[PDB]
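Enquirer: Data: start_15.cif, mmCIF, C-alpha atoms (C1' of nucleotides).
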```cif
data_protein
loop_
_atom_site.group_PDB
_atom_site.id
_atom_site.type_symbol
_atom_site.label_atom_id
_atom_site.label_comp_id
_atom_site.auth_asym_id
_atom_site.auth_seq_id
_atom_site.Cartn_x
_atom_site.Cartn_y
_atom_site.Cartn_z
ATOM 1 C CA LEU A 769 -10.456 -34.479 4.480
ATOM 2 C CA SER A 770 -11.244 -30.839 4.375
ATOM 3 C CA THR A 771 -14.972 -30.924 5.020
ATOM 4 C CA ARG A 772 -16.333 -28.716 2.219
ATOM 5 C CA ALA A 773 -14.330 -30.283 -0.634
ATOM 6 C CA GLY A 774 -14.758 -33.026 -3.199
ATOM 7 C CA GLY A 775 -18.469 -32.670 -3.861
ATOM 8 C CA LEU A 776 -20.942 -35.505 -3.421
ATOM 9 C CA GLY A 777 -19.001 -37.993 -5.566
ATOM 10 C CA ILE A 778 -16.323 -39.150 -3.108
ATOM 11 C CA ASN A 779 -16.457 -42.928 -2.625
ATOM 12 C CA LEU A 780 -15.020 -44.085 0.720
ATOM 13 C CA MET A 781 -16.516 -47.562 1.123
ATOM 14 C CA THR A 782 -13.486 -49.181 2.779
ATOM 15 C CA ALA A 783 -13.444 -46.819 5.771
ATOM 16 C CA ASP A 784 -15.326 -47.565 8.985
ATOM 17 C CA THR A 785 -14.976 -44.686 11.474
ATOM 18 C CA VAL A 786 -15.396 -40.949 10.864
ATOM 19 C CA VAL A 787 -13.978 -38.354 13.268
ATOM 20 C CA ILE A 788 -15.258 -34.778 13.001
ATOM 21 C CA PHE A 789 -12.487 -32.646 14.491
ATOM 22 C CA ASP A 790 -14.134 -29.284 13.721
ATOM 23 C CA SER A 791 -17.905 -28.894 13.843
ATOM 24 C CA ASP A 792 -19.395 -26.992 10.916
ATOM 25 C CA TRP A 793 -21.972 -24.248 11.295
ATOM 26 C CA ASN A 794 -24.041 -25.978 8.616
ATOM 27 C CA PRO A 795 -24.986 -29.485 9.838
ATOM 28 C CA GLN A 796 -25.726 -30.662 6.285
ATOM 29 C CA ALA A 797 -21.994 -30.417 5.574
ATOM 30 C CA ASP A 798 -21.393 -32.758 8.520
ATOM 31 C CA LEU A 799 -24.122 -35.102 7.248
ATOM 32 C CA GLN A 800 -22.417 -35.175 3.839
ATOM 33 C CA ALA A 801 -19.082 -35.743 5.610
ATOM 34 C CA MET A 802 -20.415 -38.753 7.514
ATOM 35 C CA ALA A 803 -22.240 -39.953 4.375
ATOM 36 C CA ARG A 804 -18.899 -40.079 2.561
ATOM 37 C CA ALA A 805 -18.402 -43.368 4.430
ATOM 38 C CA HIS A 806 -22.093 -44.172 5.046
ATOM 39 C CA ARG A 807 -22.955 -44.927 1.433
ATOM 40 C CA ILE A 808 -25.209 -47.657 0.045
ATOM 41 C CA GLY A 809 -23.543 -51.050 0.377
ATOM 42 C CA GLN A 810 -21.318 -50.405 3.403
ATOM 43 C CA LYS A 811 -20.352 -53.693 5.063
ATOM 44 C CA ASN A 812 -19.427 -52.291 8.494
ATOM 45 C CA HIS A 813 -21.152 -50.391 11.297
ATOM 46 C CA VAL A 814 -20.108 -46.753 10.931
ATOM 47 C CA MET A 815 -19.451 -44.611 14.007
ATOM 48 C CA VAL A 816 -18.675 -40.893 14.104
ATOM 49 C CA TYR A 817 -16.673 -39.306 16.919
ATOM 50 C CA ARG A 818 -17.241 -35.550 17.178
ATOM 51 C "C1'" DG B 1 74.930 58.105 30.605
ATOM 52 C "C1'" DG B 2 70.855 56.957 26.986
ATOM 53 C "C1'" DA B 3 67.410 53.617 25.574
ATOM 54 C "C1'" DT B 4 64.162 49.528 26.361
ATOM 55 C "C1'" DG B 5 60.557 45.579 28.543
ATOM 56 C "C1'" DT B 6 57.503 44.729 32.366
ATOM 57 C "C1'" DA B 7 54.207 45.859 36.336
ATOM 58 C "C1'" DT B 8 50.141 48.433 38.988
ATOM 59 C "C1'" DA B 9 46.889 52.292 38.708
ATOM 60 C "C1'" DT B 10 42.951 55.287 36.305
ATOM 61 C "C1'" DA B 11 39.798 56.720 32.444
ATOM 62 C "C1'" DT B 12 36.625 54.883 28.816
ATOM 63 C "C1'" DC B 13 33.669 51.393 26.160
ATOM 64 C "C1'" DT B 14 29.947 48.037 26.477
ATOM 65 C "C1'" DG B 15 26.554 44.747 27.222
ATOM 66 C "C1'" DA B 16 23.773 43.608 31.227
ATOM 67 C "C1'" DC B 17 21.000 44.712 35.199
ATOM 68 C "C1'" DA B 18 18.079 47.450 38.818
ATOM 69 C "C1'" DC B 19 14.429 50.751 38.950
ATOM 70 C "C1'" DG B 20 10.393 53.567 36.962
ATOM 71 C "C1'" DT B 21 6.167 53.896 34.317
ATOM 72 C "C1'" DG B 22 2.288 53.223 31.150
ATOM 73 C "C1'" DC B 23 -1.193 50.325 29.352
ATOM 74 C "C1'" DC B 24 -3.174 47.042 27.655
ATOM 75 C "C1'" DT B 25 -3.879 42.415 27.463
ATOM 76 C "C1'" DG B 26 -4.290 38.308 30.141
ATOM 77 C "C1'" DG B 27 -6.397 36.405 34.292
ATOM 78 C "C1'" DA B 28 -10.263 35.774 38.135
ATOM 79 C "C1'" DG B 29 -15.179 35.128 38.926
ATOM 80 C "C1'" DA B 30 -20.096 34.241 37.444
ATOM 81 C "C1'" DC B 31 -23.618 32.632 34.035
ATOM 82 C "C1'" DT B 32 -25.487 30.299 30.342
ATOM 83 C "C1'" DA B 33 -26.421 27.530 26.242
ATOM 84 C "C1'" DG B 34 -25.043 24.276 23.124
ATOM 85 C "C1'" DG B 35 -21.657 20.991 21.456
ATOM 86 C "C1'" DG B 36 -20.321 16.771 22.298
ATOM 87 C "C1'" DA B 37 -20.501 12.348 25.030
ATOM 88 C "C1'" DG B 38 -23.464 8.400 25.699
ATOM 89 C "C1'" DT B 39 -27.461 4.935 24.348
ATOM 90 C "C1'" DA B 40 -30.363 2.189 21.271
ATOM 91 C "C1'" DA B 41 -31.921 0.520 16.631
ATOM 92 C "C1'" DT B 42 -31.182 -0.782 11.700
ATOM 93 C "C1'" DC B 43 -28.726 -2.104 7.863
ATOM 94 C "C1'" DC B 44 -24.777 -2.431 4.862
ATOM 95 C "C1'" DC B 45 -19.714 -3.315 4.452
ATOM 96 C "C1'" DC B 46 -15.535 -5.695 5.945
ATOM 97 C "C1'" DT B 47 -12.748 -9.920 8.147
ATOM 98 C "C1'" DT B 48 -10.842 -14.825 8.244
ATOM 99 C "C1'" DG B 49 -10.998 -19.208 6.802
ATOM 100 C "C1'" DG B 50 -12.383 -22.400 3.269
ATOM 101 C "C1'" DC B 51 -14.094 -24.347 -1.811
ATOM 102 C "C1'" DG B 52 -14.570 -24.803 -7.371
ATOM 103 C "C1'" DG B 53 -13.395 -23.530 -12.197
ATOM 104 C "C1'" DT B 54 -11.262 -20.372 -16.136
ATOM 105 C "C1'" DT B 55 -7.758 -18.706 -17.966
ATOM 106 C "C1'" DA B 56 -4.736 -15.164 -18.886
ATOM 107 C "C1'" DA B 57 -0.745 -13.659 -16.842
ATOM 108 C "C1'" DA B 58 3.590 -14.903 -14.691
ATOM 109 C "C1'" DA B 59 7.717 -17.777 -14.547
ATOM 110 C "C1'" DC B 60 11.526 -20.153 -16.950
ATOM 111 C "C1'" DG B 61 14.858 -21.292 -20.625
ATOM 112 C "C1'" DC B 62 17.638 -20.033 -24.623
ATOM 113 C "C1'" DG B 63 19.453 -17.762 -28.815
ATOM 114 C "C1'" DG B 64 21.215 -13.549 -30.448
ATOM 115 C "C1'" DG B 65 22.054 -9.020 -31.409
ATOM 116 C "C1'" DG B 66 21.616 -4.319 -30.049
ATOM 117 C "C1'" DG B 67 23.349 -1.337 -26.878
ATOM 118 C "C1'" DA B 68 26.355 -0.014 -22.727
ATOM 119 C "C1'" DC B 69 30.912 0.825 -21.856
ATOM 120 C "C1'" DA B 70 35.881 1.255 -22.421
ATOM 121 C "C1'" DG B 71 39.725 3.051 -25.142
ATOM 122 C "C1'" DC B 72 41.817 6.494 -28.364
ATOM 123 C "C1'" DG B 73 42.261 10.730 -31.079
ATOM 124 C "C1'" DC B 74 41.372 15.686 -31.816
ATOM 125 C "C1'" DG B 75 40.405 20.190 -31.832
ATOM 126 C "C1'" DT B 76 38.109 23.517 -29.870
ATOM 127 C "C1'" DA B 77 36.087 25.902 -26.222
ATOM 128 C "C1'" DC B 78 36.843 27.272 -21.773
ATOM 129 C "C1'" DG B 79 40.132 28.268 -17.915
ATOM 130 C "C1'" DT B 80 43.748 31.498 -16.472
ATOM 131 C "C1'" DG B 81 46.661 35.510 -16.217
#
```
Would you kindly transcribe this structure into structure tokens?

Expert:
Amino acid sequence: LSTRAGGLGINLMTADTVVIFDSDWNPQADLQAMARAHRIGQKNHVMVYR
DNA sequence: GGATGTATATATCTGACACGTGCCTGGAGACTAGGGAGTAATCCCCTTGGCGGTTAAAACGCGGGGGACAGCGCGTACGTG
């Protein structure tokens, strides 16, 4: 993913781990990026490697 | 025996150089003020990398026909003496 694309409607339920290669200046973009996979109904424990 | 081509010596031209001279303009020395270098603050404009959405402009393909170009004639206007 490019971090600032796709809006808030991207559904990524099947993924488990999120790796942030480049840290954003705005942390809310990173929170939205990790909430792409941490949506309601996720069946796995999500970890983020920065 | 008369006439002809070449070789060293002296007078004259001719630009360049040594010397003379004026004078005026550039250089040496001193002083000063101000123009520019440096510093700090503030705020607006520009840079590089991204995103989203509109949409009008750009790209591509194809028919066809108008125009560029080649060939030929001619007669006149310009070259030449």

Enquirer: Starting from the PyMOL selection byres ((chain A) within 10 of (chain B)), expand the selection into actual residues of this file and give them as a list in words.

Expert: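 When the PyMOL selection byres ((chain A) within 10 of (chain B)) is applied, the selected residues are residues 770, 771, 772, 773, 774 and 775 of chain A.
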
Enquirer: Quick one: apply the PyMOL selection byres ((chain A and resi 780) around 9) to the file and drop the selected residues here as an MDAnalysis selection string.

Expert: chainID A and resid 778:779 781:784 804:807

Enquirer: I'd like the residues picked by the PyMOL selection byres ((chain A and resi 818) around 7) written out as a count of residues only, using the chain letters and numbers from the file.

Expert: 5

Enquirer: Kindly give the distance, in Å, that separates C1' of residue 54 in chain B and CA of residue 797 in chain A, rounded to a single decimal.

Expert: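 Going from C1' of residue 54 in chain B over to CA of residue 797 in chain A covers 26.2 Å.
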
Enquirer: Work out where the centre of an axis-aligned box around every listed atom of range 781-800 of chain A lies and how long its edges are once 3 Å is added on each side; give both in Å to one decimal as lines of an AutoDock Vina configuration file.

Expert:
```
center_x = -19.1
center_y = -36.7
center_z = 7.8
size_x = 19.2
size_y = 30.9
size_z = 19.4
```

Enquirer: Hey, can you check how far CA of residue 796 in chain A sits from CA of residue 777 in chain A?

Expert: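 We find that CA of residue 796 in chain A and CA of residue 777 in chain A lie 15.5 Å from each other.
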
Enquirer: In Å, with one decimal, what is the gap from CA of residue 812 in chain A to CA of residue 795 in chain A?

Expert: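 These atoms are spaced 23.5 Å apart.
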
Enquirer: N, CA and C atoms for range 779-808 of chain A, written as a short mmCIF file (atom, residue, chain, number, x, y, z; two decimals), in the frame of the given file, could you do that?

Expert:
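Result file follows (result09.cif):
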```cif
data_model
loop_
_atom_site.label_atom_id
_atom_site.label_comp_id
_atom_site.auth_asym_id
_atom_site.auth_seq_id
_atom_site.Cartn_x
_atom_site.Cartn_y
_atom_site.Cartn_z
N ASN A 779 -16.13 -41.57 -3.03
CA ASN A 779 -16.46 -42.93 -2.62
C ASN A 779 -15.42 -43.39 -1.61
N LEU A 780 -15.88 -43.71 -0.40
CA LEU A 780 -15.02 -44.08 0.72
C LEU A 780 -15.58 -45.32 1.42
N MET A 781 -15.84 -46.36 0.63
CA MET A 781 -16.52 -47.56 1.12
C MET A 781 -15.67 -48.32 2.14
N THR A 782 -14.35 -48.34 1.96
CA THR A 782 -13.49 -49.18 2.78
C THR A 782 -13.31 -48.65 4.20
N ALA A 783 -13.61 -47.38 4.44
CA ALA A 783 -13.44 -46.82 5.77
C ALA A 783 -14.60 -47.24 6.68
N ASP A 784 -14.35 -47.15 7.99
CA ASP A 784 -15.33 -47.56 8.98
C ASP A 784 -15.69 -46.47 9.97
N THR A 785 -14.73 -45.69 10.45
CA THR A 785 -14.98 -44.69 11.47
C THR A 785 -14.68 -43.30 10.92
N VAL A 786 -15.52 -42.33 11.30
CA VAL A 786 -15.40 -40.95 10.86
C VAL A 786 -15.26 -40.08 12.10
N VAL A 787 -14.22 -39.24 12.14
CA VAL A 787 -13.98 -38.35 13.27
C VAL A 787 -14.08 -36.92 12.78
N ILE A 788 -15.05 -36.18 13.33
CA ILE A 788 -15.26 -34.78 13.00
C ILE A 788 -14.47 -33.96 14.02
N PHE A 789 -13.32 -33.45 13.60
CA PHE A 789 -12.49 -32.65 14.49
C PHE A 789 -13.09 -31.27 14.72
N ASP A 790 -13.56 -30.62 13.65
CA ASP A 790 -14.13 -29.28 13.72
C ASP A 790 -15.59 -29.35 13.29
N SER A 791 -16.49 -28.89 14.15
CA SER A 791 -17.90 -28.89 13.84
C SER A 791 -18.26 -27.72 12.94
N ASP A 792 -18.96 -28.01 11.86
CA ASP A 792 -19.40 -26.99 10.92
C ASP A 792 -20.60 -26.24 11.47
N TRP A 793 -20.75 -24.99 11.02
CA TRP A 793 -21.97 -24.25 11.30
C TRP A 793 -23.16 -24.89 10.60
N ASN A 794 -22.99 -25.30 9.35
CA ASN A 794 -24.04 -25.98 8.62
C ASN A 794 -23.99 -27.47 8.93
N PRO A 795 -25.03 -28.05 9.53
CA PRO A 795 -24.99 -29.48 9.84
C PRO A 795 -25.10 -30.37 8.62
N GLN A 796 -25.62 -29.86 7.50
CA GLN A 796 -25.73 -30.66 6.28
C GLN A 796 -24.35 -30.99 5.71
N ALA A 797 -23.37 -30.10 5.93
CA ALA A 797 -21.99 -30.42 5.57
C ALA A 797 -21.46 -31.59 6.39
N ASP A 798 -21.81 -31.64 7.68
CA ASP A 798 -21.39 -32.76 8.52
C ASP A 798 -22.12 -34.04 8.14
N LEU A 799 -23.39 -33.93 7.74
CA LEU A 799 -24.12 -35.10 7.25
C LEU A 799 -23.53 -35.63 5.95
N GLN A 800 -23.11 -34.74 5.05
CA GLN A 800 -22.42 -35.17 3.84
C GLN A 800 -21.06 -35.78 4.17
N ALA A 801 -20.37 -35.22 5.17
CA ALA A 801 -19.08 -35.74 5.61
C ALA A 801 -19.20 -37.16 6.17
N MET A 802 -20.22 -37.41 6.99
CA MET A 802 -20.42 -38.75 7.51
C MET A 802 -21.06 -39.68 6.50
N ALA A 803 -21.71 -39.14 5.46
CA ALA A 803 -22.24 -39.95 4.38
C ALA A 803 -21.21 -40.23 3.29
N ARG A 804 -20.02 -39.63 3.39
CA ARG A 804 -18.90 -40.08 2.56
C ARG A 804 -18.57 -41.55 2.82
N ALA A 805 -18.63 -41.97 4.08
CA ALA A 805 -18.40 -43.37 4.43
C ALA A 805 -19.69 -44.16 4.62
N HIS A 806 -20.81 -43.49 4.88
CA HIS A 806 -22.09 -44.17 5.05
C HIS A 806 -22.88 -44.15 3.74
N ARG A 807 -22.32 -44.81 2.73
CA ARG A 807 -22.96 -44.93 1.43
C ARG A 807 -23.74 -46.23 1.36
N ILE A 808 -24.41 -46.45 0.24
CA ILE A 808 -25.21 -47.66 0.04
C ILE A 808 -24.27 -48.82 -0.26
#
```
